[PDB]
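K.L.:
Sharing a structure below in structure tokens format, with a few things to ask.
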Amino acid sequence: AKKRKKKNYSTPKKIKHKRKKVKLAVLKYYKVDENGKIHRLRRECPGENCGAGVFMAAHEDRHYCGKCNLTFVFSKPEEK
Amino acid sequence: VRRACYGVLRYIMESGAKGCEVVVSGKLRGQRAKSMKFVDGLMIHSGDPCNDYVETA
Amino acid sequence: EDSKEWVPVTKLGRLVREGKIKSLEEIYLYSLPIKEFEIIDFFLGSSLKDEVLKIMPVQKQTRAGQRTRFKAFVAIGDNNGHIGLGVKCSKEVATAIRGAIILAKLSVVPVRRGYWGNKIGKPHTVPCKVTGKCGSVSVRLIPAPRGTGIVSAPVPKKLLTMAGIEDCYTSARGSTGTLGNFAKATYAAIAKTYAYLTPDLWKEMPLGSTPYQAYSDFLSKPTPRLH
RNA sequence: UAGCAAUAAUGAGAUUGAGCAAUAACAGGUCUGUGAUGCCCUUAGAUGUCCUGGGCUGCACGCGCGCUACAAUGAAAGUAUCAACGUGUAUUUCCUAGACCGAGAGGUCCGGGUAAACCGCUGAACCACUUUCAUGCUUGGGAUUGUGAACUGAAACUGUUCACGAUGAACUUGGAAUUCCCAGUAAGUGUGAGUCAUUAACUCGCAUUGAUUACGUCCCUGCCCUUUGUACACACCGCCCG
RNA sequence: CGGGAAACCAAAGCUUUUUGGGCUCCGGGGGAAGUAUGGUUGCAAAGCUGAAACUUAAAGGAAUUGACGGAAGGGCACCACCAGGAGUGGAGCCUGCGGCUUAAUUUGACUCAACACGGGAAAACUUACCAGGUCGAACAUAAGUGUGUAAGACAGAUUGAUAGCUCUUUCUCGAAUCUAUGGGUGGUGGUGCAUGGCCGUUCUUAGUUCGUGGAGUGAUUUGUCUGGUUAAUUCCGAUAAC
């Protein structure tokens, strides 16, 4: 544990995990069609000024890129 | 501390100084701290010559 | 080993420096005081060994509250019959030692040693039985016959090897656990060795030469002239 | 050898207030002045670093330094008029001029001063004069308290401050006790500066008004000097007896 | 020319260098104790005799320095009085401290020498506190298939706030440091009784250290003074150094 000077153990008792990351099998099974047609797996940003080849999985359909770490969230029906 | 600091006392008296004192304070690992003053000379401590003559670091 | 030669501030220190006398006993013969310590290390000092005895602290009660003077006892001695004690208190233990050596080199007194019943071969221990007091501690000294190694406490054991005496029996009355007053009580005995009128000294004598008057108008000069 | 009655003489018996301040030390205070610091401690479960808010402002009470007053030498609205110490903006956020708009708080638009130059003759506050209140716990006093108007801070509540109307608490001079001071001093009255985005009753300065009463003794309480007693020497907060 | 530990004493000396005129009495650390007990004297009170058990590392003598008190002497001070004046202690509020209170009332300082202190006038910050709550720091400097060793930032949730703080959904981190640390760099964490530096009083003062000296067995000691002199260790002086 840990020791302060005057008041110890205010007790939420402090198990700290920022991100778990004993999970997250990486999406390297990249769909490449028959050579030389290709496919974009798990649709990234349509304008590819960013890299963003990050392959977020099938969520409930609100898909976020990862190089831009949560911006450019795209499937989609977006706004006007 | 009683000899090698005592050697540098008149290592500086060769220039012709009027007087030097060296105050070394602290513990000698008898952890109650002590201090002995290595007085030799005619030293002012007060007045305008205190700003003028004596120099300390 | 001067290394800087010092001026004689006294009178007969100049005569020592002038070479007017080469006899340390000539000073002892007329009993005039060796006043400056630079006299005897001209006459003596060729590896003439001394050793400290006793440097225990001595305090004084003040307002804030107790400050210490370290008092030293040093003992210097010629192994051909001269002795001295140093008694000097100081601030700290370095100048307690060195300050008393000058006092040890000024209290230097000859030692009379002699025979008991057999006038054979390098006079050995003591001519008679002597004692001396200072503050309740008396020490009689007994002339021990030849090869009878020193019978005394360690405080006059280290002191009487420095005195030119072969061996001794001694019998020290008093509180001799005060290791400084023990040493000073021996010296009043040894200084009496040239104060006991043996029948070896019943002739008249050549009366002396008066080193003032014999060397008088050779000091009518006003100069501190050496060799 | 000190006729110190020469007050005289004289701007001046020092302008006389201050800064520095030995020896000796204290178990004085500070490890939460610091990249002075031992060791200790805890840091992938942070005490750090802070992410946000609260608290240090919580209040039956004790105690401390203060502020404002307990008024008719005053109080109230005008009318006369003098400071000094100084501070003053540069990714600017300060001193401020002069117009404008505002009951005021405060708003617009421009100007000076990096300063003996501009605020600034720093033409401050009681004190001065005239009227209004007649010495009523009354307009003395402004505690308390409702609503509005504002300001800075992104953001303002047992509150961040500032005015406007309203409320008008105690207090009619403070028991036992206990402070500070001998002259431009006390005391009265302001202003600058400090921290300051905003908020001084605080302290560091400064000017102004300007008395009383000594002009000295050891009583009081301390501090020195010796002489003297001591069985005390973590020292009379001692030691210590049944 | 004595003697003694000294105080001191023509005896307390002649107790040389363990000495010697003769005679007599008494002591052998401190207590327990001049008690118990026996004997003896006494009208009694009590007197002359007089132990041990057990306990104890000191009791004691003469002197020295401080302590500097119904100890006398000589002096000094508005943090001391006399003579005065002004305020506090009364009330109101401001603020500090104690207490209680709460999760915290952070906390450091307690006669002067703590208590409008820490230049702490605290809205957050400060802040060390509290409650939620992030974020990586340096000798285990890393063995381990980067499918994660440490975050920037969607909606539902959550939170102080889509803060991806965290999580459902799940991409994304860049070993250019989680070493799974030696009980650690850091830390406003511990102890100022480990300390440095700083200061605070001590201490309104006048005091303090010498080198050599005529002065003690020695701690120590006219030197650093009885002046009948001064804010002052200040002096024409007694002078017993300069």
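We place every Cβ from the backbone using ideal geometry, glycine too, and count neighbours over all the protein chains shown. No lab work stands behind these numbers, since they all come straight from the coordinates.
K.L.:
Just one of A:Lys31, A:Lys5, A:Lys80 is away from chain B (no Cβ under 14 Å) and within 8 Å of RNA strand E (Cβ to nearest atom); which is it?
P.N.:
When all the criteria are applied, what remains is A:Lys5.
K.L.:
Which residues, taken from the stretch B:28-53, are hydroxyl-bearing (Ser, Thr, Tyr) and within 14 Å of chain C (Cβ to nearest Cβ)?
P.N.:
Listed by number, the list holds a single entry, B:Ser35.
K.L.:
Further question: What are the residues in the stretch B:3-22 that are under 19 Å from C:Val93 (Cα atoms) and more than 12 Å from RNA strand E (Cβ to nearest atom), if any?
P.N.:
Result: B:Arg3, B:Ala4, B:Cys5, B:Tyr6, B:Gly7, B:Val8, B:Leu9, B:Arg10.
K.L.:
Anything in the stretch B:29-39 that is within 11 Å of RNA strand E (Cβ to nearest atom), assigned to a loop (DSSP other than H, G, I, E, B) and surrounded by 10 or more Cβ atoms within 10 Å (Cβ to Cβ)? List them, or say none.
P.N.:
Of everything in the stretch B:29-39, just one residue is within 11 Å of RNA strand E (Cβ to nearest atom), assigned to a loop (DSSP other than H, G, I, E, B) and surrounded by 10 or more Cβ atoms within 10 Å (Cβ to Cβ), namely B:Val39.
K.L.:
With the requirement that a residue be surrounded by 11 or more Cβ atoms within 10 Å (Cβ to Cβ), small (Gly, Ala, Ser) and under 27 Å from C:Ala100 (Cα atoms), what does the stretch C:162-194 give you?
P.N.:
C:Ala163, C:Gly164, C:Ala172, C:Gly174, C:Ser175, C:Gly180, C:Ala183, C:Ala185, C:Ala188, C:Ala189, C:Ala191 - these are the residues of the stretch C:162-194 that are surrounded by 11 or more Cβ atoms within 10 Å (Cβ to Cβ), small (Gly, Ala, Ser) and under 27 Å from C:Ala100 (Cα atoms).
K.L.:
Working only within the stretch C:138-160, note down all residues that are in a strand (DSSP E or B) and surrounded by fewer than 20 Cβ atoms within 10 Å (Cβ to Cβ).
P.N.:
Across the stretch C:138-160, the qualifying residues are C:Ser138, C:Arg140, C:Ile142, C:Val151.
K.L.:
Would you mind stating whether B:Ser25 is part of a strand (DSSP E or B), more than 14 Å from chain C (Cβ to nearest Cβ) and either closer than 16 Å to C:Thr95 by Cβ or under 12 Å from the mean Cα position of the chain (by Cα) (or both)?
P.N.:
Answer is yes for this residue.
K.L.:
Considering only the stretch B:10-22, state which residues are surrounded by fewer than 13 Cβ atoms within 10 Å (Cβ to Cβ) and within 14 Å of chain C (Cβ to nearest Cβ).
P.N.:
The answer is B:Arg10, and nothing else.
K.L.:
Moving to a separate point now. Out of everything in the stretch C:107-135 that is in contact with a strand residue (DSSP E or B) (Cβ under 8 Å, 6 or more places away or on another chain) and closer than 15 Å to C:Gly81 by Cα, what residue ends up being surrounded by the most Cβ atoms within 10 Å (Cβ to Cβ)?
P.N.:
C:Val126
K.L.:
Could you pull out every one of the strands (runs of 3 or more DSSP E) wholly within the stretch C:1-102 that has 3 or more residues that are surrounded by 14 or more Cβ atoms within 10 Å (Cβ to Cβ) and over 15 Å from the mean Cα position of the chain (by Cα)?
P.N.:
Where strands (runs of 3 or more DSSP E) fall fully within the stretch C:1-102 and carry at least 3 residues being surrounded by 14 or more Cβ atoms within 10 Å (Cβ to Cβ) and over 15 Å from the mean Cα position of the chain (by Cα), they are C:66-78.
K.L.:
When you scan the stretch C:93-100, do you find a residue that is touching a residue at least 12 places away in the same chain (Cβ under 8 Å) and not small (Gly, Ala, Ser), even just one?
P.N.:
The answer is yes; a qualifying residue exists.
K.L.:
Ok, one more. Just need a number here: residues in the stretch C:196-212 that are closer than 28 Å to C:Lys11 by Cβ and exposed (fewer than 10 other Cβ atoms within 10 Å of the Cβ).
P.N.:
3
K.L.:
A follow-up question, please. Read through the list (1) more than 9 Å from RNA strand D (Cβ to nearest atom); (2) more than 13 Å from chain C (Cβ to nearest Cβ); (3) not hydrophobic (A, V, I, L, M, F, W, C), then give the number of the only condition that B:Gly7 fails.
P.N.:
(2)
K.L.:
Then there's this: Going by what's in this entry, would B:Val54 be described as within 16 Å of RNA strand E (Cβ to nearest atom), under 16 Å from the mean Cα position of the chain (by Cα), under 19 Å from C:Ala94 (Cβ atoms) and of a type outside the set (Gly, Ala, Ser)?
P.N.:
No; evaluated as a whole, the condition is false for this residue.
K.L.:
Now, a different point. Identify the single condition in (1) without any contact (Cβ under 8 Å) to a residue 12 or more places away in the chain; (2) loosely packed, with under 10 Cβ neighbours inside 10 Å that A:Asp61 does not satisfy, given that it satisfies every other one.
P.N.:
Among (1) without any contact (Cβ under 8 Å) to a residue 12 or more places away in the chain; (2) loosely packed, with under 10 Cβ neighbours inside 10 Å, the lone unmet condition for A:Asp61 is (1).
K.L.:
Hey, among the residues in the stretch C:88-100 that are out of contact with any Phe, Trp or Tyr (no Cβ under 8 Å at 6 or more places or on another chain) and not small (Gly, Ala, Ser), which one's farthest from the other protein chains (Cβ to nearest Cβ)?
P.N.:
My answer is C:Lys88.
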